$ cat coords05.pdb   # PDB, N, CA and C atoms
ATOM      1  N   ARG A   1     110.688 109.363  93.497
ATOM      2  CA  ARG A   1     110.639 109.665  92.040
ATOM      3  C   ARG A   1     109.225 109.479  91.481
ATOM      4  N   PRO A   2     108.653 110.526  90.846
ATOM      5  CA  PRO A   2     107.301 110.459  90.271
ATOM      6  C   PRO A   2     107.187 109.410  89.163
ATOM      7  N   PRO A   3     105.946 109.033  88.791
ATOM      8  CA  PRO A   3     105.696 108.037  87.740
ATOM      9  C   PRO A   3     106.367 108.399  86.416
ATOM     10  N   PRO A   4     107.265 107.530  85.915
ATOM     11  CA  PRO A   4     107.969 107.762  84.656
ATOM     12  C   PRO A   4     107.145 107.336  83.438
ATOM     13  N   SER A   5     107.203 108.147  82.383
ATOM     14  CA  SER A   5     106.494 107.851  81.132
ATOM     15  C   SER A   5     106.874 106.474  80.579
ATOM     16  N   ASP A   6     108.180 106.225  80.438
ATOM     17  CA  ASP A   6     108.674 104.962  79.887
ATOM     18  C   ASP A   6     107.972 103.767  80.527
ATOM     19  N   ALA A   7     107.600 102.792  79.693
ATOM     20  CA  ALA A   7     106.889 101.615  80.169
ATOM     21  C   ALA A   7     107.697 100.767  81.140
ATOM     22  N   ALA A   8     108.994 100.598  80.866
ATOM     23  CA  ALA A   8     109.863  99.787  81.720
ATOM     24  C   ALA A   8     109.889 100.322  83.149
ATOM     25  N   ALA A   9     110.254 101.594  83.297
ATOM     26  CA  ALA A   9     110.464 102.181  84.617
ATOM     27  C   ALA A   9     109.152 102.284  85.391
ATOM     28  N   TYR A  10     108.036 102.444  84.667
ATOM     29  CA  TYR A  10     106.723 102.566  85.298
ATOM     30  C   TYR A  10     106.393 101.316  86.122
ATOM     31  N   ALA A  11     106.868 100.154  85.661
ATOM     32  CA  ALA A  11     106.611  98.889  86.344
ATOM     33  C   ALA A  11     107.372  98.820  87.666
ATOM     34  N   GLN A  12     108.688  99.052  87.608
ATOM     35  CA  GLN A  12     109.526  99.035  88.809
ATOM     36  C   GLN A  12     109.051 100.097  89.801
ATOM     37  N   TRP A  13     108.573 101.225  89.267
ATOM     38  CA  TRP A  13     108.061 102.322  90.085
ATOM     39  C   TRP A  13     106.931 101.822  90.984
ATOM     40  N   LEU A  14     105.990 101.081  90.389
ATOM     41  CA  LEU A  14     104.863 100.512  91.129
ATOM     42  C   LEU A  14     105.361  99.544  92.202
ATOM     43  N   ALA A  15     106.363  98.736  91.837
ATOM     44  CA  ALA A  15     106.948  97.753  92.749
ATOM     45  C   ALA A  15     107.555  98.413  93.990
ATOM     46  N   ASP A  16     108.051  99.644  93.835
ATOM     47  CA  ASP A  16     108.656 100.375  94.949
ATOM     48  C   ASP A  16     107.621 101.209  95.719
ATOM     49  N   UNK A  17     106.333 100.889  95.547
ATOM     50  CA  UNK A  17     105.261 101.612  96.231
ATOM     51  C   UNK A  17     104.862 102.891  95.486
ATOM     52  N   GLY A  18     105.299 103.019  94.229
ATOM     53  CA  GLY A  18     104.975 104.193  93.433
ATOM     54  C   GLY A  18     105.462 105.485  94.063
ATOM     55  N   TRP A  19     104.532 106.256  94.635
ATOM     56  CA  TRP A  19     104.871 107.524  95.280
ATOM     57  C   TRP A  19     105.686 107.295  96.556
ATOM     58  N   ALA A  20     105.438 106.166  97.226
ATOM     59  CA  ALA A  20     106.161 105.822  98.451
ATOM     60  C   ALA A  20     107.636 105.515  98.167
ATOM     61  N   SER A  21     107.969 105.266  96.894
ATOM     62  CA  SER A  21     109.345 104.962  96.495
ATOM     63  C   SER A  21     110.307 106.062  96.946
TER      64      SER A  21
END
$ encode --input "coords05.pdb" --output "structure tokens"
Amino acid sequence: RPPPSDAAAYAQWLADXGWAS
């Protein structure tokens, strides 16, 4: 899943390796 605009999801996104998620 690509980087989400929302601030909340953007954090968890990074935690999952961002693009590697």
$ atom_distance --input "coords05.pdb" --atom1 "atom C of residue 8 in chain A" --atom2 "CA of residue 20 in chain A"
16.7 Å
$ residues_around --input "coords05.pdb" --residues "residue 21 in chain A" --least-positions-apart "6" --cutoff "8 Å" --atoms "all atoms listed in the file" --output "PyMOL selection string"
chain A and resi 1-2+13-15
$ select_by_dssp --input "coords05.pdb" --residues "chain A" --states "helix (DSSP H, G or I)" --output "VMD selection string"
chain A and resid 7 to 15 18 to 20
$ axis_aligned_box --input "coords05.pdb" --around "range 3-20 of chain A" --padding-each-side "8 Å" --output "JSON"
{"center_x": 107.5, "center_y": 103.4, "center_z": 89.1, "size_x": 21.9, "size_y": 27.3, "size_z": 34.8}
$ atom_distance --input "coords05.pdb" --atom1 "atom C of residue 19 in chain A" --atom2 "CA of residue 6 in chain A"
17.1 Å
$ atom_distance --input "coords05.pdb" --atom1 "atom C of residue 18 in chain A" --atom2 "atom C of residue 5 in chain A"
13.6 Å
